[PDB]
Amino acid sequence: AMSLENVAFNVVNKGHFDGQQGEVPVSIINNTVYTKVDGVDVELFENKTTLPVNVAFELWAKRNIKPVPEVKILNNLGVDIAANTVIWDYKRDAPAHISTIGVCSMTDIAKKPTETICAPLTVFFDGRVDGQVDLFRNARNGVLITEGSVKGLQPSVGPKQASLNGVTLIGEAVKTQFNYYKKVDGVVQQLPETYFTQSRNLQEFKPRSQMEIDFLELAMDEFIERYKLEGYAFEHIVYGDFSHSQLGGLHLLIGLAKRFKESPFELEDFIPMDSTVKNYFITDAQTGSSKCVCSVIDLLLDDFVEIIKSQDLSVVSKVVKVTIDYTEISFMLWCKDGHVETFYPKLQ
Amino acid sequence: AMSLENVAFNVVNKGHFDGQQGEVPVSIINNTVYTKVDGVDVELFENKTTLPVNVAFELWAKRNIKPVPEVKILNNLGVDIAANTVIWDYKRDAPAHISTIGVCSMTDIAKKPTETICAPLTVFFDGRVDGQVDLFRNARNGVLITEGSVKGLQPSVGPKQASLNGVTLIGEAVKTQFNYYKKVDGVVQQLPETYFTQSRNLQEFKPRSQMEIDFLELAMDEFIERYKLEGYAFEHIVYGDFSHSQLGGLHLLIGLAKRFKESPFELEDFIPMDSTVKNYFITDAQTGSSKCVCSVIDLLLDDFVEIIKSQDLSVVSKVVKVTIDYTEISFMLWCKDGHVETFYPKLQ
Amino acid sequence: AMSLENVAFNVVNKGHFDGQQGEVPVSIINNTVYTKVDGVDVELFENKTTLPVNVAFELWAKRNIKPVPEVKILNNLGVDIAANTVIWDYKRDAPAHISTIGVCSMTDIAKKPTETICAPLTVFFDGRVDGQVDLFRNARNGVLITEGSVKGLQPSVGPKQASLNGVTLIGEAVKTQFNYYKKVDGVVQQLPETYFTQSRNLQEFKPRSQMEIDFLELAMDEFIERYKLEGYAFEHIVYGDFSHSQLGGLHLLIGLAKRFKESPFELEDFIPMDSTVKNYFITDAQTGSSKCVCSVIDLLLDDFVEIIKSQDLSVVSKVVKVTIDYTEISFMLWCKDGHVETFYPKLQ
Amino acid sequence: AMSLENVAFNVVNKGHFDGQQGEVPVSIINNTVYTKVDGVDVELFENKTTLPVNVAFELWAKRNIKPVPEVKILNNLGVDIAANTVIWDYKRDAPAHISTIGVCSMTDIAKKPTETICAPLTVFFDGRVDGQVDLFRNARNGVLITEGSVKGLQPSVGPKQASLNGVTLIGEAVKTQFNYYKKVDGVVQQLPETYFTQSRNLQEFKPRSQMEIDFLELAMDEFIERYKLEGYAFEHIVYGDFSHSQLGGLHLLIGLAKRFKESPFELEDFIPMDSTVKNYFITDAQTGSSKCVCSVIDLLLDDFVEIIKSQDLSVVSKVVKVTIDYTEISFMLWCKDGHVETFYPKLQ
Amino acid sequence: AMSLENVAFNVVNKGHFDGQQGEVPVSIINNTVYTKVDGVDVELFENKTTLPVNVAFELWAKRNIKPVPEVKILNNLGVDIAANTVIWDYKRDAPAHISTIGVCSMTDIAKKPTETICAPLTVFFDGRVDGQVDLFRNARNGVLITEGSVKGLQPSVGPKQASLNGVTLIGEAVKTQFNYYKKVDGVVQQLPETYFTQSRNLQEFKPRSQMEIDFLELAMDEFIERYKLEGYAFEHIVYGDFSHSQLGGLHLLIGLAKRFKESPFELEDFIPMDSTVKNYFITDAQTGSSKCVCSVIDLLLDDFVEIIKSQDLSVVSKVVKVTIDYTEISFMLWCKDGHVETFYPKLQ
């Protein structure tokens, strides 16, 4: 019972696909969907994907509208496909996954995750949906989220935040912190101890600890002496150096957040996608100090404190591997005369 | 219940829309409709209309596949819209009429021709469809075709030929000669006595009389002598004059057909549509003689001879009006010393 | 290095992709690839596929330009992908297969057929290429073609014809008849005894036997007489019945070819793709006889005669299965009084 | 006042741009120009150029509709632009020149060829247009064509053929053979003695000498015997060798013409543009013999015989330079034991 | 390597074109460039120019990322083309210049500025690049920028600001104030004494003098009294009249910037491009006062005061010419009773 006119009826009446009966007249012009509302055409969807307009429209309408893991987490866990749902990637304005299982005729590789083709793929399961926990139990490769405990399975506590309709939030009325479980080649895996990125933005930044509040308030000198971290190069790494043409350091989001409020700047997101580490072309509107590739991570300041604190401070050049969002991130631990010169995410 | 996927299912399985239940996966890219057949995309329709691709696709699938009047006839009779069908214009690769009645949700102005909006429009009715003759009786404005007599209605015998899937033909296995009836403001009109164009092509030209057979096989001199056409300027009008840079006469299709077998030429159809009189930009390959606007009509040679021989040849110039395909066609008749100089469809 | 400009250089200089170095300036406008030749733009390729224009262009340039199996054969044998080549499908003006192996960065699922992902896929291997016979021997699933005998394996003699740049031909200067080998789950299969379709066209129809020559010159009667096919309903099945509004029989290409010489007709290829049995919407220009779905097969007349003469005519209706192009084709055989009434490819 | 609606009015009424006053309603959808005729949209122009649709439409409407030099001639003479006209390239379906002079606001570089910007460009003039001969006299760089003699100027007799609305022909009702004149940096230049290509087609080939008539009628052996061409490898060069997988010779159009009538083949024009030497990807339907880049020239057989018989047969390999269509064409001459092995247009 | 895939590799890895080796898979759909990153397509560039998508992409990647003159400065100086770089026009999201020199194969008119074609063009040269000062010395027509003195050349001090990645700024860590040099027909020109527009925005308007701090904080009456501007019509010219249906005056940005803080309004930029004087369709949200064409200039208030105080107030109407951004701006000065009535940029 799948139809373009039925999908559009659901968008018009329910705000998304809700499996209701009915049809509305539709027009497809360029990469845009229109419907008629009292003699005039109303745009329902503009295709920004590489998929045909009508398939992209159906996938978008059938997106999961409950709090779901951020696609950065699903990419880091090597998630290939979702079971009987669509994870919409709001950063790319596209579905997170290429193919589907029991969602859309044009993209389905199967109707059920139990099919042969699905076995080598890491299938995403949502324990909030009836029978999905059991499907995970029968799956060869998969990743599972639950709100509560599951019989005989040790959980991994996930990030506090999840995405709800493109809004990353820590739910108060709804649950966003999930238990994570993973299977590889039929065997349940132990997920590693990890830090999580905080997924905040520049324009409306929110501190999530006293140290973060203190960072945003206290001056450079006062903060460094208060939380005691003299030789860890916070002046360069976190605060940033704008004295030269080539902008120095500034690899922590909170640092960008502090600079933004006093003096704004331009961030060019030349690779627009959700990732644990982001690369931007930054131009400071105040000094004219710029950097083409500025790698930025949003870690809780306390976590970054703990991370920098915990290192060697010996070898002139080094690589440190930290577990962030279940994946391993490399950092260039440069050193000279026994103190931190810089610390930043690895590029080449 | 209209659906793009159901329309496509009918096209794939039945060759056109046949009201069967079922769905196929469809992709819309550019102005092209594709369907998935054994994992690969197969083109079903390329939109050549000014309507949205999906709308054009549905109208094309729902086209009338029985012998129907040629578009030029419907246009000449002032038909604005069809009752519960689509007349596909194969010359324009588009629907003959802008709007529909009980066909498609995007183009319907009504579900039934009895609706108020239809009253000022000349609705085309097909007597071969149950109840359409009665709908014509109730219609304020309309045109009706039937295969047989209708109670109380005087008929007009139409052309021998009709269009079947874009093929103009004189039916032997099927009926193509219809009775025509017309109503204006509730009053049945007397259709005029008319000649009909023969709707033939240059490549597969077929004579339809002994005189036409004689025209194609005999030489210019003998034909003119045999049929006593001496002062009627057929040398110019029909045979054409290729001696000067501007091509002279050549306004009868049979004349173009005769020339074509001898030496080919180019015909630029700069207004591509069905019309009683066609205008072409002609270039003769052998001589280089050309004409920007060469008006061409396909009349049975016998009819053209009857027309020209019915004229008074006493005036230098005069406008001659002839009813053809139910419309009044104006010709320019130029005479000198009691003989014809030229005779051509008037363009000014 | 794989580059759009290098691919275009190869096309301009060599007609296709070869592996020579160089670059030409390229413009991509709409779905068209252009190159600058002496200050003006020259169209090199128009994308008619569902793939991005530049991707389709690279795949087309990298097409196999040696005689290759026709797509219908590969499809019937269950070929999913080709090893280190592109089988272009000239019926769809698109690549025959979705993905590639060592061809193009955008479509490659592997660089080598030995990779894990390839194991469940039936890979096409060309014995004329060094090491491909051995790759087939190591492959789990596959289809191999050779010009000569393969040590140990009983060959299956393929069709006499193959495709060379979209030209289906029986090679005299080149080999077009291949030996076929097939492997399923590591085990070599015995290919069935099969008939092959002749892959001819209506316009340039060439008889391939004396019977076919006689069919085309002799009259229906004289031909039925000569070959004694009185109770085999050739009048209906092969010649076709144009006496009613719906076209009777006409399921053999040679039949269509015979009628075409006499009187032309329209064939609407509503599913444009290579298939053993083709379905057309046919309209006879002379009679007006038509049929929405007319299933047409191009069998050598001698083979069709052998097929029909091999059947039992004791039952009113029965399903007849014939191996054609390595696939099982179902026919509907209708009898009455020990003679054939009709025989046609089954669809319902 | 130049306008889109006026350009279209002129096309609908005159078949091209004729400077008549008036307007018609226009729609621009995709790369297509439509006009409304009795409530329905009629396609007037489909843009196949790299210019904007409306610009291409105006240039096409304003194309020269009198016999003009073929594009290959203009290109060989180094023509960069036209004076107050548009030379339409029917081979590319685009204007022959990028920029214009007193034609179109969007493409104009000047209103008059006397403007400074035009001085280094070789601007084309037409002596058939009032004042153009004098403009050429004031021009720094230019190419002039005339029907007759010009005061105090030596003429170069051009090819017998010219292009008229995309039809290459030898005029009988019109003059196609022009006198050619050049000026480079203000000085009138003596055009070289040259051969001219005949610009004929495969499907409608016409011999233009007794030797050409003899070539088409006589068998290979007796033609070579009659014209004493024994050691000139005509069997290879002209007739072509179809015995091997790679196509042997076949570099003369007349040779292709002779083969085609006997047995057809396919010619892929992978660089679609007008040039003295054309490159095609050829596949012989009978044998399967093919060649990726088969360079073809249409020389009068008598001219080709004169060329080949004028060569010294003493060296194994040598470059032969021939002036054709005012340009120097390089050929490769291979000899053995005092007889020619092969001869062909050089590419690498 | 000059390739689409290499350009895209550079963008993904370096944030722009950096001449590094490598390739990334690219897809071109519509006017959008995508790359495959971990199995999913990521948008890198959307073409908003009139150039082909791939050309525009290369041109954008190869943009100058160092502080450069604003486009309006370059246009005012008559710059036609830039030497071995691309000046990206961020106002139009397109290259500032049509053609290039040693940048891109599709747009290059030369590889070096020393080529003949470049001689009549005013080439932009950047003294910060090795050898460009010398190239200017050899150039016929050019414009040069330097950070310091150039021996033998008298400089013109340019604006304090420059554009860095679309950000106009006064550099503190980088130099944004350049020395300007110009030459026509081989002779070095003396650039005129000029005022410069301050290139500010309404949103984040920053005063650059005490008079400007005051304009923004004091009330209209207090400000005019403090700076003794009584008969200079500042109420009309710099504050604007919102009492009538048509907006009065408001031709200074600071004025718009002062209103905006109080009450917002709409500015329709119907000619979106960089220009010394901008025209907007302004609608005041509070009053409903509007003006279709409101000419706005960003002069430092002190400069505007100096300009208006330098005028003779004896004539009713008068044209006032002021050199701004190296160009002559015409103003329309209206006086009555020895006081200013209005003063505005003249449009005709």
# chains A, B, ... in the order shown; residues from 1 in each chain; ligands from 1
$ residues_around --residues "residue B:73" --least-positions-apart "5" --cutoff "12 Å" --atoms "only C-alpha atoms" --output "ChimeraX atom specification"
/B:68,78-79,96,124,143,145,158-159,161-163,178,180,194-199,274-277,324-327
$ write_last_selection --atoms "N, CA and C atoms" --output "compact mmCIF listing (two decimals), in the first residue's frame"
# COMPACT_ATOMS: atom_id res chain seq x y z
N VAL B 68 -9.42 7.80 -32.47
CA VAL B 68 -10.01 9.07 -32.05
C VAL B 68 -9.84 10.11 -33.14
N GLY B 78 -13.47 23.59 -32.12
CA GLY B 78 -13.41 24.36 -30.88
C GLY B 78 -13.51 23.56 -29.60
N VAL B 79 -13.05 22.30 -29.62
CA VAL B 79 -13.07 21.44 -28.44
C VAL B 79 -12.08 21.99 -27.44
N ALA B 96 -3.67 16.94 -25.48
CA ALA B 96 -4.28 17.91 -26.40
C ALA B 96 -4.93 19.03 -25.62
N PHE B 124 -15.73 17.38 -25.37
CA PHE B 124 -15.73 16.29 -26.34
C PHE B 124 -16.34 15.02 -25.70
N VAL B 143 -19.12 18.54 -28.42
CA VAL B 143 -18.92 17.86 -29.70
C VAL B 143 -19.02 16.34 -29.41
N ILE B 145 -19.01 12.32 -31.12
CA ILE B 145 -18.72 11.38 -32.19
C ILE B 145 -19.44 10.09 -31.87
N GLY B 158 -17.90 12.46 -40.89
CA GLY B 158 -16.54 12.95 -40.68
C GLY B 158 -15.50 12.42 -41.65
N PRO B 159 -14.21 12.70 -41.40
CA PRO B 159 -13.16 12.13 -42.27
C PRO B 159 -13.15 10.60 -42.19
N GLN B 161 -10.49 8.82 -42.00
CA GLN B 161 -9.38 8.47 -41.11
C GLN B 161 -9.52 8.99 -39.69
N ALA B 162 -8.88 8.27 -38.76
CA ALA B 162 -8.78 8.64 -37.35
C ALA B 162 -7.39 8.27 -36.85
N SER B 163 -7.05 8.73 -35.64
CA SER B 163 -5.77 8.47 -35.01
C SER B 163 -5.90 7.31 -34.00
N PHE B 178 -16.52 8.55 -38.27
CA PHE B 178 -17.50 8.89 -37.26
C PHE B 178 -18.51 9.89 -37.78
N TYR B 180 -20.40 13.18 -36.67
CA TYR B 180 -20.12 14.32 -35.82
C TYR B 180 -21.41 15.10 -35.52
N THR B 194 -18.02 20.27 -45.94
CA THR B 194 -16.59 20.48 -45.89
C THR B 194 -15.82 19.46 -46.69
N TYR B 195 -14.60 19.85 -47.08
CA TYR B 195 -13.62 18.93 -47.61
C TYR B 195 -12.83 18.47 -46.37
N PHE B 196 -12.07 17.39 -46.52
CA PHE B 196 -11.22 16.91 -45.46
C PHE B 196 -9.82 16.73 -45.98
N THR B 197 -8.80 17.12 -45.17
CA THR B 197 -7.41 16.85 -45.54
C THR B 197 -7.19 15.34 -45.37
N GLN B 198 -6.22 14.82 -46.11
CA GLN B 198 -5.99 13.38 -46.18
C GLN B 198 -5.01 12.83 -45.16
N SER B 199 -4.28 13.71 -44.45
CA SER B 199 -3.35 13.36 -43.36
C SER B 199 -2.29 12.34 -43.76
N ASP B 274 -0.42 19.73 -34.88
CA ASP B 274 -1.39 19.27 -35.89
C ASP B 274 -2.22 20.45 -36.37
N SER B 275 -2.26 20.70 -37.68
CA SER B 275 -3.07 21.77 -38.27
C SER B 275 -3.49 21.44 -39.71
N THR B 276 -4.68 21.91 -40.14
CA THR B 276 -5.21 21.71 -41.49
C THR B 276 -4.20 22.17 -42.57
N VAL B 277 -3.59 23.33 -42.33
CA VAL B 277 -2.54 23.88 -43.19
C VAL B 277 -1.26 23.87 -42.39
N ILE B 324 -12.62 23.41 -44.96
CA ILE B 324 -11.77 22.23 -44.91
C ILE B 324 -11.61 21.82 -43.46
N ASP B 325 -11.84 20.54 -43.16
CA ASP B 325 -11.76 19.99 -41.80
C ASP B 325 -12.67 20.79 -40.83
N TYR B 326 -13.83 21.23 -41.34
CA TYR B 326 -14.84 22.01 -40.63
C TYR B 326 -14.47 23.48 -40.39
N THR B 327 -13.30 23.92 -40.91
CA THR B 327 -12.87 25.30 -40.72
C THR B 327 -12.78 26.03 -42.05
$ closest_atom_pairs --of "chain E" --to "chain D" --cutoff "10 Å" --atoms "only C-alpha atoms" --output "CSV"
residue,atom,partner,partner_atom,distance
E:50,CA,D:52,CA,8.7
E:51,CA,D:50,CA,9.4
E:52,CA,D:50,CA,8.5
E:117,CA,D:120,CA,9.0
E:120,CA,D:117,CA,9.2
$ residues_around --residues "residue A:227" --least-positions-apart "5" --cutoff "12 Å" --atoms "only C-alpha atoms" --output "JSON, numbers by chain"
{"A": [210, 211, 212, 214, 215, 218, 220, 221, 222, 232, 234, 301, 302, 305, 306, 309]}
$ residues_around --residues "stretch 31-46 of chain B" --least-positions-apart "3" --cutoff "9 Å" --atoms "only C-alpha atoms" --output "JSON, numbers by chain"
{"A": [29, 30, 106], "B": [8, 11, 12, 24, 25, 26, 27, 28, 52, 53, 54, 57, 60], "C": [48, 49, 50, 75, 92, 94, 96, 97, 98, 270, 271, 272, 273]}
$ write_last_selection --atoms "C-alpha atoms" --output "CSV table (one decimal), in the first residue's frame"
chain,number,residue,atom,x,y,z
A,29,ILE,CA,9.3,20.0,-10.3
A,30,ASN,CA,13.1,20.0,-10.3
A,106,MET,CA,13.4,1.9,-4.0
B,8,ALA,CA,3.5,2.8,-13.4
B,11,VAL,CA,2.2,0.8,-17.8
B,12,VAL,CA,4.7,-2.0,-17.0
B,24,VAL,CA,6.0,-0.9,-8.8
B,25,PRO,CA,9.0,1.1,-7.4
B,26,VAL,CA,9.5,4.3,-9.3
B,27,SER,CA,12.3,6.9,-9.5
B,28,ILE,CA,11.9,10.4,-10.8
B,52,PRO,CA,5.2,18.3,-13.9
B,53,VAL,CA,6.8,15.0,-15.0
B,54,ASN,CA,4.6,12.9,-12.7
B,57,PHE,CA,3.1,10.6,-17.0
B,60,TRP,CA,0.0,9.8,-21.0
C,48,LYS,CA,20.6,8.8,-20.0
C,49,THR,CA,21.3,6.7,-16.8
C,50,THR,CA,20.2,7.3,-13.2
C,75,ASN,CA,20.9,-11.7,-16.8
C,92,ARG,CA,19.1,1.1,-21.8
C,94,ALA,CA,23.4,2.6,-19.1
C,96,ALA,CA,24.5,-3.5,-17.3
C,97,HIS,CA,25.6,-3.7,-13.7
C,98,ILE,CA,25.1,-1.4,-10.6
C,270,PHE,CA,7.2,0.3,-23.1
C,271,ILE,CA,9.8,-1.7,-21.2
C,272,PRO,CA,13.0,-0.7,-23.1
C,273,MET,CA,15.6,-3.4,-22.0
$ closest_residue --among "A:203, A:165, A:100, A:138" --to "residue A:184" --atoms "only C-alpha atoms"
A:138
$ atom_distance --atom1 "atom CA of residue C:238" --atom2 "atom CA of residue C:288"
18.7 Å
$ residues_around --residues "residue B:191" --least-positions-apart "6" --cutoff "10 Å" --atoms "only C-alpha atoms" --output "MDAnalysis selection string"
chainID B and resid 77 154:157 180:183 326
$ closest_residue --among "B:209, B:245, B:47, B:122" --to "residue B:300" --atoms "only C-alpha atoms"
B:209
$ select_by_dssp --residues "stretch 176-300 of chain A" --states "helix (DSSP H, G or I)" --output "JSON, numbers by chain"
{"A": [210, 211, 212, 213, 214, 215, 216, 217, 220, 221, 222, 223, 224, 225, 226, 230, 231, 232, 234, 235, 236, 237, 253, 254, 255, 256, 257, 258, 259, 260, 261, 262]}
$ atom_distance --atom1 "atom CA of residue C:59" --atom2 "atom CA of residue A:80"
26.1 Å
$ closest_residue --among "B:283, B:317, B:307, B:347" --to "residue D:66" --atoms "only C-alpha atoms"
B:283
$ select_by_dssp --residues "stretch 7-205 of chain D" --states "strand (DSSP E or B)" --output "PyMOL selection string"
chain D and resi 26-29+32-37+40-46+63+68+81-82+86+88-89+94-95+100-101+108-110+123-126+142-146+156-157+162-164+167-169+179-184+187-189+195
$ residues_around --residues "residue C:61" --least-positions-apart "2" --cutoff "6 Å" --atoms "only C-alpha atoms" --output "ChimeraX atom specification"
/C:16-17,58-59,63
$ residues_around --residues "residue E:292" --least-positions-apart "3" --cutoff "9 Å" --atoms "only C-alpha atoms" --output "short mmCIF file (atom, residue, chain, number, x, y, z; two decimals) with N, CA, C and O atoms, in the first residue's frame"
data_model
loop_
_atom_site.label_atom_id
_atom_site.label_comp_id
_atom_site.auth_asym_id
_atom_site.auth_seq_id
_atom_site.Cartn_x
_atom_site.Cartn_y
_atom_site.Cartn_z
N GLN E 246 6.31 57.96 1.20
CA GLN E 246 7.62 57.81 0.59
C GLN E 246 8.69 58.26 1.56
O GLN E 246 8.66 59.40 1.99
N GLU E 268 15.68 45.44 0.50
CA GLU E 268 15.74 44.52 -0.63
C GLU E 268 16.91 44.92 -1.54
O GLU E 268 16.92 45.99 -2.14
N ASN E 279 21.92 50.51 -4.01
CA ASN E 279 20.50 50.86 -4.12
C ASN E 279 19.67 49.75 -3.50
O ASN E 279 19.85 48.55 -3.81
N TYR E 280 18.77 50.15 -2.61
CA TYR E 280 17.88 49.22 -1.93
C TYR E 280 16.44 49.66 -2.01
O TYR E 280 16.16 50.86 -2.05
N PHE E 281 15.53 48.67 -1.96
CA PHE E 281 14.10 48.87 -1.85
C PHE E 281 13.85 48.74 -0.34
O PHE E 281 13.88 47.64 0.21
N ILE E 282 13.66 49.89 0.33
CA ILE E 282 13.52 49.94 1.77
C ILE E 282 12.08 50.13 2.23
O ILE E 282 11.35 50.95 1.68
N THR E 283 11.69 49.34 3.25
CA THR E 283 10.37 49.39 3.89
C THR E 283 10.57 49.49 5.41
O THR E 283 11.11 48.57 6.01
#
$ closest_residue --among "B:236, B:128, B:175, B:244" --to "residue B:160" --atoms "only C-alpha atoms"
B:175
$ atom_distance --atom1 "atom CA of residue B:109" --atom2 "atom CA of residue B:121"
11.2 Å
